[PDB]
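Engineer: Submitted below is the structure of interest, expressed as structure tokens.
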Amino acid sequence: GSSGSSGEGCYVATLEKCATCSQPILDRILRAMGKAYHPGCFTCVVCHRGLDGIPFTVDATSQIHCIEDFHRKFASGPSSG
Ligand SMILES: [Zn+2]
Ligand SMILES: [Zn+2]
């Protein structure tokens with residue numbers, strides 16, 4: 001099994017780079033968490049659902065967790081740490 005693929009993306013023209021796939025946004029730029037991401041890349045880490053137009057919450061791990069999940073993971077009873 002061979003694995004190799006370069007990423008032709010060095011130059012930049014008044015465009016933001018997706019903080020998910022590391023690609024230059026040209027079609028549409030979705031502002032989230034201060035940074036810029038693709039309107040399709042932005043998704044949950046657990047359920048992996050599109051959060052393009054819905055509330056969410058992140059953590060130290062930087063793993064955007066949809067309110068629901070976050071409420072089912074973090075809010076799963078008495079926890080501390
Ligand atoms: Zn992307
Ligand atoms: Zn989720």
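To be explicit about the labels: the chains of the structure tokens are called A, B, and onward in the order shown, and within each one the residues are counted from 1, while ligands get numbers from 1 in the order they are shown.
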Would you give me, as a Markdown table, each residue of segment 16-49 of chain A having an atom within 12 Å of an atom of segment 54-78 of chain A, along with its shortest atom pair and that distance in Å to one decimal, using only C-alpha atoms and sorting by chain and residue number?

Structural biologist:
```
| residue | atom | partner | partner_atom | distance |
| --- | --- | --- | --- | --- |
| A:19 | CA | A:62 | CA | 11.7 |
| A:20 | CA | A:63 | CA | 11.4 |
| A:32 | CA | A:56 | CA | 10.2 |
| A:33 | CA | A:58 | CA | 8.9 |
| A:41 | CA | A:64 | CA | 11.8 |
| A:42 | CA | A:64 | CA | 8.7 |
| A:43 | CA | A:64 | CA | 7.5 |
| A:44 | CA | A:65 | CA | 5.4 |
| A:45 | CA | A:63 | CA | 6.1 |
| A:46 | CA | A:65 | CA | 6.9 |
| A:47 | CA | A:69 | CA | 7.5 |
| A:48 | CA | A:66 | CA | 8.9 |
| A:49 | CA | A:66 | CA | 8.1 |
```

Engineer: Can you pull out the residues contacting residue 40 of chain A? Cut-off 9 Å, using only C-alpha atoms, and skip same-chain residues under 2 positions away; I want them as a list in words.

Structural biologist: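 Non-adjacent residues within range: residues 30, 37, 38, 42, 43, 50, 51 and 52 of chain A.
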
Engineer: Export, as a PDB file, in the first residue's frame, the selected residues with C-alpha atoms.

Structural biologist:
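Final file, result08.pdb:
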```pdb
ATOM      1  CA  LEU A  30     -17.714  30.348   6.728  1.00  0.00           C
ATOM      2  CA  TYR A  37     -13.619  27.209   7.572  1.00  0.00           C
ATOM      3  CA  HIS A  38     -15.466  25.641   4.639  1.00  0.00           C
ATOM      4  CA  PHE A  42     -17.311  22.399   9.753  1.00  0.00           C
ATOM      5  CA  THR A  43     -18.846  19.372  11.472  1.00  0.00           C
ATOM      6  CA  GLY A  50     -23.057  19.749   9.746  1.00  0.00           C
ATOM      7  CA  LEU A  51     -23.035  22.665  12.178  1.00  0.00           C
ATOM      8  CA  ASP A  52     -23.388  25.234   9.395  1.00  0.00           C
TER       9      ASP A  52
END
```

Engineer: Give me the residues near residue 29 of chain A as an NGL selection string, where near means some atom within 10 Å (using only C-alpha atoms) and where sequence neighbours in that chain fewer than 2 positions away do not count.

Structural biologist: :A and (15-18 or 24-27 or 31-32 or 35-39)

Engineer: Residues of the last selection are to be written out with N, CA, C and O atoms, as a PDB file, in the first residue's frame.

Structural biologist:
```
ATOM      1  N   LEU A  15      -7.599  35.621   0.555  1.00  0.00           N
ATOM      2  CA  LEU A  15      -8.484  34.496   0.840  1.00  0.00           C
ATOM      3  C   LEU A  15      -8.028  33.748   2.089  1.00  0.00           C
ATOM      4  O   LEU A  15      -6.832  33.628   2.350  1.00  0.00           O
ATOM      5  N   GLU A  16      -8.991  33.246   2.857  1.00  0.00           N
ATOM      6  CA  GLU A  16      -8.688  32.508   4.077  1.00  0.00           C
ATOM      7  C   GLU A  16      -8.510  31.021   3.784  1.00  0.00           C
ATOM      8  O   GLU A  16      -9.064  30.496   2.818  1.00  0.00           O
ATOM      9  N   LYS A  17      -7.732  30.347   4.625  1.00  0.00           N
ATOM     10  CA  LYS A  17      -7.480  28.921   4.459  1.00  0.00           C
ATOM     11  C   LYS A  17      -8.270  28.106   5.480  1.00  0.00           C
ATOM     12  O   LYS A  17      -8.204  28.366   6.681  1.00  0.00           O
ATOM     13  N   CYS A  18      -9.015  27.120   4.992  1.00  0.00           N
ATOM     14  CA  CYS A  18      -9.816  26.266   5.861  1.00  0.00           C
ATOM     15  C   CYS A  18      -8.956  25.647   6.959  1.00  0.00           C
ATOM     16  O   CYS A  18      -7.937  25.014   6.681  1.00  0.00           O
ATOM     17  N   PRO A  24      -7.267  26.573   0.548  1.00  0.00           N
ATOM     18  CA  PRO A  24      -7.665  27.958   0.277  1.00  0.00           C
ATOM     19  C   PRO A  24      -9.127  28.069  -0.143  1.00  0.00           C
ATOM     20  O   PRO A  24      -9.530  27.531  -1.174  1.00  0.00           O
ATOM     21  N   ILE A  25      -9.916  28.771   0.663  1.00  0.00           N
ATOM     22  CA  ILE A  25     -11.334  28.954   0.376  1.00  0.00           C
ATOM     23  C   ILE A  25     -11.537  29.899  -0.804  1.00  0.00           C
ATOM     24  O   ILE A  25     -10.969  30.990  -0.844  1.00  0.00           O
ATOM     25  N   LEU A  26     -12.352  29.472  -1.762  1.00  0.00           N
ATOM     26  CA  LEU A  26     -12.633  30.282  -2.943  1.00  0.00           C
ATOM     27  C   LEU A  26     -14.136  30.399  -3.177  1.00  0.00           C
ATOM     28  O   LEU A  26     -14.638  31.469  -3.523  1.00  0.00           O
ATOM     29  N   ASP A  27     -14.848  29.294  -2.986  1.00  0.00           N
ATOM     30  CA  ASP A  27     -16.294  29.273  -3.173  1.00  0.00           C
ATOM     31  C   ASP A  27     -16.989  30.142  -2.129  1.00  0.00           C
ATOM     32  O   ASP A  27     -17.528  31.202  -2.449  1.00  0.00           O
ATOM     33  N   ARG A  31     -17.265  31.837   8.589  1.00  0.00           N
ATOM     34  CA  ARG A  31     -16.586  32.292   9.797  1.00  0.00           C
ATOM     35  C   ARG A  31     -17.100  31.544  11.024  1.00  0.00           C
ATOM     36  O   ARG A  31     -18.297  31.553  11.312  1.00  0.00           O
ATOM     37  N   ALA A  32     -16.188  30.898  11.742  1.00  0.00           N
ATOM     38  CA  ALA A  32     -16.548  30.147  12.938  1.00  0.00           C
ATOM     39  C   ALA A  32     -15.377  30.070  13.911  1.00  0.00           C
ATOM     40  O   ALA A  32     -14.250  29.766  13.519  1.00  0.00           O
ATOM     41  N   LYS A  35     -11.892  31.809  13.363  1.00  0.00           N
ATOM     42  CA  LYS A  35     -11.160  31.371  12.182  1.00  0.00           C
ATOM     43  C   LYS A  35     -12.101  31.184  10.997  1.00  0.00           C
ATOM     44  O   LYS A  35     -13.314  31.349  11.123  1.00  0.00           O
ATOM     45  N   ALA A  36     -11.534  30.836   9.845  1.00  0.00           N
ATOM     46  CA  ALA A  36     -12.324  30.622   8.639  1.00  0.00           C
ATOM     47  C   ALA A  36     -12.311  29.154   8.228  1.00  0.00           C
ATOM     48  O   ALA A  36     -11.252  28.531   8.145  1.00  0.00           O
ATOM     49  N   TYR A  37     -13.494  28.606   7.972  1.00  0.00           N
ATOM     50  CA  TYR A  37     -13.619  27.209   7.572  1.00  0.00           C
ATOM     51  C   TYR A  37     -14.618  27.057   6.429  1.00  0.00           C
ATOM     52  O   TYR A  37     -15.419  27.955   6.166  1.00  0.00           O
ATOM     53  N   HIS A  38     -14.565  25.913   5.754  1.00  0.00           N
ATOM     54  CA  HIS A  38     -15.466  25.641   4.639  1.00  0.00           C
ATOM     55  C   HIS A  38     -16.887  25.397   5.137  1.00  0.00           C
ATOM     56  O   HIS A  38     -17.108  24.912   6.247  1.00  0.00           O
ATOM     57  N   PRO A  39     -17.875  25.741   4.298  1.00  0.00           N
ATOM     58  CA  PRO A  39     -19.293  25.568   4.631  1.00  0.00           C
ATOM     59  C   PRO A  39     -19.704  24.100   4.670  1.00  0.00           C
ATOM     60  O   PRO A  39     -20.875  23.779   4.869  1.00  0.00           O
TER      61      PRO A  39
END
```

Engineer: Among chain A, which ones does DSSP assign to strand (DSSP E) (computed from the backbone)? Answer as a ChimeraX atom specification.

Structural biologist: /A:30-32,35-37,56-57,65-66

Engineer: Generate a file of the selected residues that holds N, CA, C and O atoms, formatted as a tab-separated table (two decimals), in the first residue's frame.

Structural biologist:
```
chain	number	residue	atom	x	y	z
A	30	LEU	N	-16.87	30.42	5.54
A	30	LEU	CA	-17.71	30.35	6.73
A	30	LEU	C	-16.92	30.71	7.98
A	30	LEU	O	-16.02	29.97	8.39
A	31	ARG	N	-17.26	31.84	8.59
A	31	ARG	CA	-16.59	32.29	9.80
A	31	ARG	C	-17.10	31.54	11.02
A	31	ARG	O	-18.30	31.55	11.31
A	32	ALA	N	-16.19	30.90	11.74
A	32	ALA	CA	-16.55	30.15	12.94
A	32	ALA	C	-15.38	30.07	13.91
A	32	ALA	O	-14.25	29.77	13.52
A	35	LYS	N	-11.89	31.81	13.36
A	35	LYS	CA	-11.16	31.37	12.18
A	35	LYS	C	-12.10	31.18	11.00
A	35	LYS	O	-13.31	31.35	11.12
A	36	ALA	N	-11.53	30.84	9.85
A	36	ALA	CA	-12.32	30.62	8.64
A	36	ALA	C	-12.31	29.15	8.23
A	36	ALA	O	-11.25	28.53	8.15
A	37	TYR	N	-13.49	28.61	7.97
A	37	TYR	CA	-13.62	27.21	7.57
A	37	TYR	C	-14.62	27.06	6.43
A	37	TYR	O	-15.42	27.95	6.17
A	56	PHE	N	-23.19	25.60	18.85
A	56	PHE	CA	-22.27	24.54	19.25
A	56	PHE	C	-21.32	25.03	20.34
A	56	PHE	O	-21.32	26.20	20.71
A	57	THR	N	-20.50	24.11	20.85
A	57	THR	CA	-19.54	24.45	21.89
A	57	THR	C	-18.26	23.63	21.75
A	57	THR	O	-18.30	22.45	21.39
A	65	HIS	N	-18.07	20.15	19.68
A	65	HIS	CA	-19.10	19.18	20.02
A	65	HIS	C	-20.48	19.83	20.02
A	65	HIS	O	-20.75	20.74	20.81
A	66	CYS	N	-21.35	19.36	19.14
A	66	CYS	CA	-22.71	19.89	19.04
A	66	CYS	C	-23.38	19.93	20.41
A	66	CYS	O	-23.26	18.98	21.19
```
